[PDB]
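Just the one chain here, laid out as structure tokens, in the form deposited in one PDB entry.
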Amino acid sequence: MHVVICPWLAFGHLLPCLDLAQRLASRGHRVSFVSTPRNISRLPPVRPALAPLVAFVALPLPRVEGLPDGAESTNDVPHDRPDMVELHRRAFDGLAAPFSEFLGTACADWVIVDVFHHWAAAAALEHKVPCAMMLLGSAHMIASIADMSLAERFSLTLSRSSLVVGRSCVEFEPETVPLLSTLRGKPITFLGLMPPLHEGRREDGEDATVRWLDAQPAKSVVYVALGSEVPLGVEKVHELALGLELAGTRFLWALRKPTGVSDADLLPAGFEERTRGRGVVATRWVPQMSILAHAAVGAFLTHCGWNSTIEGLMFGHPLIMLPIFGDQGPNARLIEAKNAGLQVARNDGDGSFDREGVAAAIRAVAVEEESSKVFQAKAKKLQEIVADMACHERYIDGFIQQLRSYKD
């Protein structure tokens, strides 16, 4: 089959979509990976064996006054500037006509579109190409939802599609997957957990963060990362920093800067001087898969993005959970219910946290001998499911067969 994939302009979408593209190409299907040029230039390379079977289709973002050139993704357009978020949505919607022009002559068997691709789903109707909408999260998240604004963009994409695709399986969510049939009348299918393949990202194993981990004791380091886009304002950064310090563990923190904040204002006064001997802060993109694979990493302080949840558990790390938005709350509650992580205490109403809550969660998951042992054992039970690579390849096979059967 020729499958056209259209990920949302966000690295939590682009990365699993490029993994899915290569998995499809590995079974001898061909993929057109449709995105914008700077987003494509920042992606891991396709294996030489798959080069002619994964075609990158670069559609330039139209120019919009107030949106900087090269600001193509949620990693480049910060949530803490809602005016720029809106300009980026306008630019994204401007891809409609070029996408429809591409699709008409593409000889596509399927289009797989992301949650806000209402125009791509409209093009698939116009060109009589079956269209699957990606909702690459948990069955629990899809069940939550089942129970131009984002909700309206989502609703329109869904209505125009034929199929909804989740990223889970009955082994991981036995309570939910059998209960799901349709989402607003559309059949739901699960393509498995699709944990990333060994070195699919071709990260730098000589990265300064990994060389620091090489020097630390086994399972001694709390890795701290909040994915590629969620906002954390400078006051919240300071509470997270002081909580990490207070709990006393070794730490490696991949931190994105709030907009406007100088390196000098980013962290509490003296925090890096005091913690230099046990912790490292990196304000750049880090090789998260190399870090989570590392023997030095014990617990993962995560925002519970679905990629980070899967990546943490595929190496049996218990989670210290700080959900910020979207599916993160549902993801954190799902893992807490499996006893493999603990959420940081939040104020009910505004969802605030403080250094004491951060420190208390770190001590419970990573330090206290009895609780930490149970969290580790429960995370290892989940790793048996998440890291069953053969199980997840069978689900990819099953997904391809379901795409084939709709055509026939």
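Heads up: residue numbers just count along the shown sequence, starting at 1. Rigid core (definition): largest C-alpha set, two forms, superposition within 1.5 Å.
Beyond what is shown, the protein has a form deposited in another entry; the following relates to that form.
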- Query: Which residue, chosen from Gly351, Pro45, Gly66, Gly28, moves its CA by 2 Å or more between this form and the one not shown under a rigid core superposition?
  - Reply: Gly351
- Task: Superpose on the rigid core, then tell me if the C-alpha of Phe325 is displaced by 2 angstroms or more between this form and the one not shown.
- Result: yes
- Yes/no, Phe190 Cα shift of 2 Å or more between this form and the one not shown with rigid core fixed: no
- Query: After fitting the rigid core, is the C-alpha of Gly205 off by 2 Å or more between this form and the one not shown?
  - Reply: yes
- Note on the structure: Cα of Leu53 vs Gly200, shift of 3 Å or more in that other deposited form, relative to this form: the pair sits farther
- Task: Might you say whether the CA atoms of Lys380 and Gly200 end up closer or farther apart in that other deposited form than in this form? Their distance differs by 3 Å or more.
- Result: closer
